[PDB]
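Asks: Take this structure, written in structure tokens, and hold onto it; I'll ask about it next.
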Amino acid sequence: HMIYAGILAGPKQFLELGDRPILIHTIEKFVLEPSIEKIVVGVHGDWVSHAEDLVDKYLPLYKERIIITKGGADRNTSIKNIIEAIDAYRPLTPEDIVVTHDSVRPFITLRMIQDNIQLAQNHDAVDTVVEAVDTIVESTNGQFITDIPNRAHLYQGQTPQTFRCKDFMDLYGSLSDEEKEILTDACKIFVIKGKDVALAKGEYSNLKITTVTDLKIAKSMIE
Amino acid sequence: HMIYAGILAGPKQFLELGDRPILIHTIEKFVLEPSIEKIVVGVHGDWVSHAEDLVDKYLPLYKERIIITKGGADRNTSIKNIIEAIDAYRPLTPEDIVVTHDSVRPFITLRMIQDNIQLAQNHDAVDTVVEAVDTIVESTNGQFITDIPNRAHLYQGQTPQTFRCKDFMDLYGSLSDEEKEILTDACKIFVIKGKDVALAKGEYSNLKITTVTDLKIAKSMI
Ligand SMILES: [Ca+2]
Ligand SMILES: [Ca+2]
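Note that the protein sequences, when read in sequence, are chains A and G.
Just so we're aligned, residue 1 is where the first sequence starts under the numbering used here, counting upward by one.
Just so we're aligned, residue 1 is where the second sequence starts under the numbering used here, counting upward by one.
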């Protein structure tokens, strides 16, 4: 079967970290992995040719390994779009897998990618997580605490999130627009459909670069 | 009724941020609120005179407003010690409140302190909080996901945690040693005892300085 990387890049990913755009750092981490067929990057339609320029400029040796495609309005629409681009490259079979990952998580390691791929063999999906270190409070109303979850069972969700392309299409396709609005996480869709989602070990350093503070942390990390 | 600040300081709080220790930064924000009767600081037994010298050196003008006392083995014992220090200073009424706050959260704002005091009026306790940024995943088994709760209902706990001194003492005194181990922060005690704890709005800039990089970030903010 095939294994693809699905890079969600639909913004800080076009910003330089060190001497290369964040997006490039992230794609770089996937190019060495021998078991990856293509690296499929979902970008906002207006930034597709820009993303292609970056590949030409920063990763010319890996041009043919990388497919830039139009992402969607939310992450799951981008995943679907990625899977469609994959299907257009080589018609999907039930066993073909996509390793989905945030563009702004440049500190992913081969160990994480490899664990995700390995876990996907015997499970429906894989979610990369770390132990939650934040104290988490629940409030449905946003006015008072409706409860405090048992912290012993809480994890901070990261990416990759890994699953069979066909499996994601089938489950996502079964959702109403209203359900898609609520079930914004790909693993959540598998979980609520009663599927087996294994935990993969993330890393505290697997930072998501969202805010200008995250950017500062990222810069300090590359030394 | 009196309003007190209860600063939990026991180790980054004694490290310099700009030109002053972080602890002094944190104390200063509470001095900005005129309605605070005393700022009570719980530190490690051996660090009391050190913290006193810090107050003398950096806030001599405000030293009368600050009490340094010996904190405890966990944050809840330190809160207990703080409240006993308050009671030693001025006998408690059932309505005196304590605004408890991490020493290593020096970017607390006046607004946050004010909201905590206001919200404590009509509630059992107050938890200062921000909307959760990460997707939280639950696994009761450590192997597969048992739930991914809706992130829109989830909040990252910060401090201040504010409540009436007597109320804390009453609830805390009713716990066994094992409960006290699981009920690790004040608001958790309140919630499990079926009390009403209001959310106060925190800030994403209300950084808890735990790690070396937190300190680096704090420095860049100042
Ligand atoms: Ca097809
Ligand atoms: Ca609607």
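Note that CB positions come from ideal geometry on N, CA and C, so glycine has one too.
1. Buried or exposed: where does G:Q143 fall if 16 or more other Cβ atoms within 10 Å of its Cβ makes it buried?
2. Closest Cβ-Cβ distance between A:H25 and chain G: below 8 Å?
3. Taking contact to mean at least 3 C-beta pairs separated by less than 8 Å, is the stretch 153-167 of chain G in contact with the stretch 100-117 of chain G?
4. Just jot down, in chain order, the residues whose CB lies closer than 6 Å to any heavy atom of ligand 1.
5. For the candidate residues G:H1, G:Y204, G:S174, G:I3, whose alpha-carbon lies nearest to that of G:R105?
6. Helix, strand or coil for residue 229 of chain A, going by three-state DSSP, please let me know.
7. One question on the structure: do A:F168 and A:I66 come within less than 8 Å of each other, judged by their Cβ atoms?
8. Rounding to the nearest angstrom, what Cα-Cα distance links A:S35 and A:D87 in this structure?
9. Anything in chain G within Cβ reach of A:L199, meaning under 9 Å, just list it in chain order.
10. Which residues does DSSP pair with G:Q161 in a beta bridge?
11. Do you know how far the Cα of A:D127 is from the Cα of G:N141?
12. What did DSSP end up calling A:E138 once you bin it into helix, strand or coil?
13. In terms of residues, what are the limits of the beta strand (DSSP E) holding A:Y4?
14. Do we get a CB-CB distance below 8 Å when we pair A:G10 with the residues of chain G?
15. Is there a Cβ from chain G that is less than 8 Å from the Cβ of A:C165?
16. Would you check if the distance between the CB atom of A:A186 and the CB atom of A:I79 is smaller than 8 Å?
17. Determine the closest residue to G:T93 out of G:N116, G:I7, G:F107, G:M2, with distance taken between C-alpha atoms.
18. At a Cβ threshold of 8 Å, is A:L207 touching chain G?
19. Do you know offhand how far G:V31's Cα is from G:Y62's?
20. Just the chain D side, please: which residues come within less than 8 Å of A:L17 by C-beta, in chain order?
21. Quick one: which residues of the stretch 100-127 of chain A get their C-beta closer than 7 Å to a C-beta of chain G? List them in chain order.
22. Does the beta carbon of A:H153 come closer than 8 Å to any beta carbon on chain G?
23. Between G:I209 and G:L215, what straight-line distance do the alpha-carbon atoms span, to the nearest angstrom?
24. Grab me the residues of A:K201's own chain with a C-beta within less than 7 Å of its C-beta, minus the 5 sequence neighbours each way, in chain order.
25. How many angstroms separate the CA atom of G:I145 from the CA atom of A:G194?
26. From G:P60 to G:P21, what distance separates their C-alpha atoms?
27. Look at the Cβ atom of A:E33, then the Cβ atom of A:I113, and state whether they are nearer than 8 Å.
28. Would you mind telling me which residues of chain G sit closer than 9 Å to A:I217, beta carbon to beta carbon, in chain order?
29. Return yes when the Cβ of A:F163 is within less than 8 Å of the Cβ of A:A125, no when it is not.
30. Note down, in chain order, every chain A residue with its Cβ under 9 Å from the Cβ of residue 307 of chain G.
31. Tell me which same chain residues have a C-beta within less than 8 Å of the C-beta of A:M221, skipping the five on either side of it?
32. What span of residues does the beta strand (DSSP E) with A:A198 cover, start to end?
33. Under 9 Å between beta-carbons, which chain G residues line up against A:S220? List them in chain order, please.
34. Using only the alpha-carbon positions, how far apart do residue 306 of chain A and A:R151 sit?
35. Quick one: what's G:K38 bridged to in DSSP?
Replies: Well, looking at it:
1. exposed
2. no
3. yes
4. A:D87, A:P91, A:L92
5. If we check each option's Cα against that of G:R105, G:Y204 comes out closest.
6. Past the boundaries of the shown model lies residue 229 of chain A; chain A is included only from 1 to 223, so the question cannot be answered.
7. no
8. 18 Å
9. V137, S139, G142, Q143, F144, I145
10. G:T100, G:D127
11. 15 Å
12. strand
13. 3-9 is the span of the beta strand (DSSP E), which, as asked, contains A:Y4.
14. Not an interface residue.
15. no
16. Taking 8 Å as the Cβ cut-off, A:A186 and A:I79 qualify as a contacting pair.
17. G:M2
18. Put simply, the CB of A:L207 is far from chain G, with every gap to its CB atoms at 8 Å or more.
19. 8 Å
20. Among the chains of the structure shown, chain D does not appear; the protein chains present are A and G.
21. Residues of the stretch 100-127 of chain A with a C-beta atom less than 7 Å from some C-beta of chain G are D127, listed in chain order.
22. yes
23. 6 Å
24. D115
25. 10 Å
26. 15 Å
27. Between A:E33 and A:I113, the C-beta spacing is below 8 Å.
28. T213, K216, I217
29. In this structure, A:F163 lies closer than 8 Å to A:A125 by Cβ.
30. The requested residue 307 of chain G is not part of the displayed model; chain G covers only 1 to 222.
31. Cβ within range, chain order: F107, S205, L207.
32. Note, A:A198: beta strand (DSSP E), 197-201.
33. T213, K216, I217
34. Examination of residue 306 of chain A is not possible in this model, given that chain A is present from 1 through 223 alone.
35. G:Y4
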